[PDB]
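Remarks on the structure that follows.
Here, each number is a calculation from the coordinates, and none is a lab measurement. Positions of Cβ are backbone-derived with ideal geometry, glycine not excepted, and every protein chain shown enters the neighbour counts.
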There are 2 protein chains.
Amino acid sequence: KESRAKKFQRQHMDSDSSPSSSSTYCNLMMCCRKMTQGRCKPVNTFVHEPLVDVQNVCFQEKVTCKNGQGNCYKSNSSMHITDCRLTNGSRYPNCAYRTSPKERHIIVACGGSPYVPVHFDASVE
Amino acid sequence: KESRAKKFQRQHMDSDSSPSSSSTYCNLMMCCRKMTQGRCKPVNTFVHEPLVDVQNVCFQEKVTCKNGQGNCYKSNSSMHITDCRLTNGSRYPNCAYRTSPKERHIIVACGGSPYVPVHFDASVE
């Protein structure tokens, strides 16, 4: 089926993009990357960095995933991202999103082999 | 499965937008409206008019369908469209489209009952 490495790619990677604040970027990406079927994903984050650059976060600072238990990694430098958050008026199947670009460090959980990002945990700075 | 009326709605209706010249509108719409699965649709047109006005074209001027003869109607007035064109160097999976907004009278094949649109046939003026 879908490998964690691929699901992380389809849900969080948008290497070649530079989204405008509250444009409809999020409405169309969430749709196009299939995070709006059956239910509307509440929040999601996209990373505008090269795949490899995002994969090398796996060899960077070691920290703890938000749940305070797992091992995660925090990128050594801020990256370009976009936060998508579902609107209140949204009633599945109508899925709308507030689009939020910003510059931050990402935290991810890595695994498998080759050892790569398998879960986007959070943002910082 | 998918009714012709619905396929037409998903493939050609987008009343609430006003795409700008070669932004990424078409790249995301074609994806999100599912015209990029398996093969990249070559060309596709989107109409930014309310559904009903576009439905009303079916009770307007009759004309000959492009090839596939079978009840086409031409809008009485020019509507706001956006033409999405596959760029010559686009290779699947990342379908890359050229976004072209403009005003044309639209031709649509109509069918079933109620008589509504089933195919976007062409554009004029």
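Two decimals, Cα atoms only, Kirkwood Rh: what is Rg/Rh over chain B?
0.96
Within a Cβ distance under 9 Å of residue A:118, other residues only, what is the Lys/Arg minus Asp/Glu net charge?
Taking every other residue near residue A:118 into account, the sum is +2.
Just to confirm a number: summing +1 for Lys and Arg and -1 for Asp and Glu over residues other than residue A:98 whose beta-carbon lies under 11 angstrom from that of residue A:98, what do you get?
Spelling it out: positives minus negatives among the neighbours equals 0.
What is the spread of the Cα atoms of the protein assembly as shown along each of their three principal axes, largest first, in whole Å?
Per principal axis, max minus min of the Cα coordinates gives 68, 40, 33 Å.
Take the alpha carbon atoms of the stretch A:31-56, find their center, do the same for the stretch B:1-40, and report the distance between the two centers in whole angstrom.
Using only Cα atoms, the two centres lie 20 Å from each other.
Could you give the size of the charge dipole of chain A about its Cα centre, using +1 on the Cβ of each K and R and -1 on the Cβ of each D and E, expressed in debye and rounded to the nearest 20?
640
Label position 7 Å from Cα toward Cβ: report the copy-to-copy distances for residue A:16 in nm, one decimal, ordered from shortest.
Residue A:16 label point versus its equivalents elsewhere: 2.9 nm.
If you add up the charges near residue B:71, with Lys and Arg at +1 and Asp and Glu at -1, over every other residue whose beta carbon is less than 13 angstrom from its beta carbon, what do you get?
The answer is +2.
Taking a label point 7 Å out from Cα toward Cβ, give me the nm distances from residue A:76 to the same spot in the other copies, shortest first, one decimal.
In nanometres, ordered from closest: 6.8.
Mind checking which of A:11, A:37, A:55 has the largest fluctuation in a GNM of chain A, springs on alpha carbons under 10 Å?
Result: A:37 has the largest fluctuation of those listed.
Shortest first and in nm to one decimal, what separations exist between residue A:2 and its copies in the other chains, measuring from label points 7 Å along the Cα-to-beta-carbon line?
Computed spacing set for this position: 1.8 nm.
Once you place label points 7 Å from the Cα toward the Cβ at residue A:85 and residue B:56, how far apart are they in nm?
4.1
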